[PDB]
Protein chains: 2
Amino acid sequence: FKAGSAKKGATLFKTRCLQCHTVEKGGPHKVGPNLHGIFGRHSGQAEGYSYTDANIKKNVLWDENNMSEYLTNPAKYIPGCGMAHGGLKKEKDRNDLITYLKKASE
Amino acid sequence: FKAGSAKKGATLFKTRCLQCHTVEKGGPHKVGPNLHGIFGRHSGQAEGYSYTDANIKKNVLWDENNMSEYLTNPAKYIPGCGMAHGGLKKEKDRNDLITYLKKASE
Ligand code: HEM
Ligand code: HEM
C-alpha cells in the first residue's frame, strides 16, 4: 500500500461500501459494522456488533496491507444471505479507498 | 394472531432468525438489528442501526398482526446482497415465533 487519492477513495466508499458501512464517530451499524477507528483496533471488535466470519473473529490487527488483502476478493459473505460485492479488484482502487478510510476513520 | 408455544417459538427463532438478530436487552446488532422492545416501538428505530427498506423507514407501529404479515413472505431483502429466508410461511410457525418474541423482548 502507497498513499493515493483521498478524494477518489471517498467516491469508492460512497458508491461501493456505504450501503453496508458508516465511518463517522458513534455512527450506526447497518448490514456491516460502523468502521470508525478501524485502524486502531482488531477485527471483530466494533462495539454493539456481532460477527460471523471465523477469521474476523480471531481478531486480526488491522493495517493497510491486511486491509488491502481483505478488499482484494470482489465477493464477500453476508451472513444468512450469500455472496456480495465486498471488495475492490484494482490495486489502485484499494490504495485510494484505504487512503480515504484512514482519514474518515479517526 | 392467537398465542401459541413460546418453547417452539424459541427454536424457530434460534434456527431461523438468530443468525441475523439478537433479542436480549442491550444485545448487539448483526446483519439485522437487535430486537429487544420491538413490540413497544415502531419499525426502523433500533438505537445504533441504520435501515434500508423504505417501508420499515416509514416507522410502522409493530403489533402481532403487522409482524405476522411481515414474516409471511419467506424471502426478504438483505441490503447489498440479495434475497434471504427472512420469514415463516406456516401461520402456526409465525404464532409460535411471535409468542416467544413478545416474551424474549421486553
Ligand atoms: C469496498 C467496500 C467495503 C469496505 C471498505 C468494507 C469494509 C469492511 C471492514 C473493514 C470490515 C471488518 C469490520 C471489522 O473487522 O470490524 C467489514 C465487515 C463487514 N462488511 Fe464490509 N466493506 C465493504 C463492502 C461491504 C458490502 C458491499 C457489504 C454488504 C453487502 C458489507 C458487509 C460487511 C459485513 C456483513 C461485515 C461483517 C462480516 C462478518 O461479521 O462476518 N461490506 N467491512
Ligand atoms: C423468522 C426469522 C426472523 C425474524 C423474526 C426477523 C425479525 C425482524 C424484524 C422484526 C425486523 C424489523 C426491525 C425493526 O423494524 O426495527 C427485521 C429487520 C431485518 N432483519 Fe430480520 N428477522 C428474521 C430473519 C432474518 C434473516 C434470515 C436475516 C438475514 C439473512 C434478517 C435480516 C434482517 C435485516 C437486514 C433487517 C433490516 C432490514 C432493513 O433495514 O432493510 N432477518 N427482522
Side-chain angles (χ1 to χ4, degrees), chain A residues 9 12-21 23 29-39 41-47 49-60 62 66-67 70-71 74-89 93-94 97-98 100-101 105, chain B residues 9 12-21 23 29-39 41-47 49-60 62 66-67 70-71 74-89 93-94 97-98 100-101 105:
Chain A
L12 294 170
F13 182 98
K14 184 183 180 298
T15 66
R16 303 283 287 285
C17 311
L18 181 66
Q19 84 269 20
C20 294
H21 286 290
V23 279
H29 299 319
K30 305 175 83 180
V31 157
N34 166 279
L35 295 175
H36 193 76
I38 191 60
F39 294 105
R41 71 174 173 266
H42 297 69
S43 70
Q45 299 189 330
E47 207 173 42
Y49 190 95
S50 173
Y51 296 80
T52 299
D53 183 279
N55 292 331
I56 295 178
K57 262 158 122 46
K58 291 178 172 167
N59 305 126
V60 173
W62 284 125
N66 275 341
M67 180 78 84
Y70 181 46
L71 306 174
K76 178 147 66 156
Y77 182 52
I78 308 298
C81 172
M83 306 307 311
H85 268 93
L88 306 180
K89 307 212 306 175
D93 285 337
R94 296 200 296 278
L97 192 287
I98 296 155
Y100 158 78
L101 204 54
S105 61
Chain B
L12 294 170
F13 182 98
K14 184 183 180 298
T15 66
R16 303 283 287 285
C17 311
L18 181 66
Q19 84 269 20
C20 294
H21 286 290
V23 279
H29 299 319
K30 305 175 83 180
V31 157
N34 166 279
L35 295 175
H36 193 76
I38 191 60
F39 294 105
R41 71 174 173 266
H42 297 69
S43 70
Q45 299 189 330
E47 207 173 42
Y49 190 95
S50 173
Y51 296 80
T52 299
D53 183 279
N55 292 331
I56 295 178
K57 262 158 122 46
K58 291 178 172 167
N59 305 126
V60 173
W62 284 125
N66 275 341
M67 180 78 84
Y70 181 46
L71 306 174
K76 178 147 66 156
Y77 182 52
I78 308 298
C81 172
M83 306 307 311
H85 268 93
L88 306 180
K89 307 212 306 175
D93 285 337
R94 296 200 296 278
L97 192 287
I98 296 155
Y100 158 78
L101 204 54
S105 61

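Every heavy atom of this structure was used, including side-chain atoms; hydrogens, water molecules and symmetry mates were not. So that the names make sense, note that chain A is the first sequence line, chain B the second, and so on, each numbered from 1. Counting convention: from 1, in listed order, for ligands and their atoms alike.
For the pair A/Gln19 and ligand 1, the shortest N or O to N or O distance does not fall below 3.5 Å. Looking at A/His42 next to ligand 1, no N or O pair under 3.5 Å apart turns up. Ligand 1 has an N or O atom lying under 3.5 Å from an N or O atom of A/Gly44, backbone or side chain. On a distance-only criterion, A/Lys76 and ligand 1 share at least one N/O pair closer than 3.5 Å.
Those atoms of ligand 2 that come under 4.0 Å of a heavy atom in B/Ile38, given as number and element, are 14 (C), 16 (O). Which parts of ligand 2 touch B/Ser43 is read off a 4.0 Å heavy-atom cut-off, strictly below it: atoms 15 (O). For ligand 2, the atoms sitting less than 4.0 Å from at least one non-hydrogen atom of B/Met67 are 10 (C), numbered in the order shown with element in parentheses.
Residue-ligand proximity: B/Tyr77 is placed with every non-hydrogen atom at 4.0 Å or more from ligand 2. Heavy atoms of B/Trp62 come nearer than 4.0 angstrom to ligand 2 in at least one pair. Taking a 4.0 Å cut-off on heavy atoms, B/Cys81 fails to register as neighbouring ligand 2. The closest approach between a heavy atom of A/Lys30 and any atom of ligand 2 is not below 4.0 Å.
The proximity of A/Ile78 to ligand 1, defined as any non-hydrogen pair under 4.0 Å, is limited to the side chain. Proximity of B/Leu101 to ligand 2, defined as any heavy-atom pair under 4.0 Å, is not found for any part of the residue. At a heavy-atom cutoff of 4.0 Å, ligand 1 is contacted by no atom of A/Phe13, backbone or side chain.
At a cut-off of 2.8 Å, B/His21 is counted among the residues with an N, O or S atom near atom 21 (Fe) of ligand 2.
For the residues B/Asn59, B/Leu35, B/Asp53, B/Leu97, the heavy atom positioned nearest atom 41 (O) of ligand 2 is part of B/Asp53. Comparing B/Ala75, B/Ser50, B/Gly86, B/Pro33 against atom 24 (C) of ligand 2, the shortest heavy-atom distance belongs to B/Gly86. Of all the listed residues (B/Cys17, B/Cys20, B/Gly32), B/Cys20 holds the heavy atom that lies closest to atom 30 (C) of ligand 2.
Shown here is A/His42, whose NE2 atom has more than 12 heavy atoms of other residues, nucleotides or ligands within 6.0 Å.
Annotation: atom 27 (C) of ligand 1 to nearest protein heavy atom, A/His85 O, 3.3 Å. In this structure, atom 40 (O) of ligand 2 lies nearest to the protein heavy atom B/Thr52 N, 3.0 Å.
When only modelled atom types and interatomic distance are considered, B/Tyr70 and B/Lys76 share a side-chain donor-acceptor pair under 3.5 Å.
Taking the six-membered ring for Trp, A/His29 and A/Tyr49 have ring centres closer than 6.0 Å.
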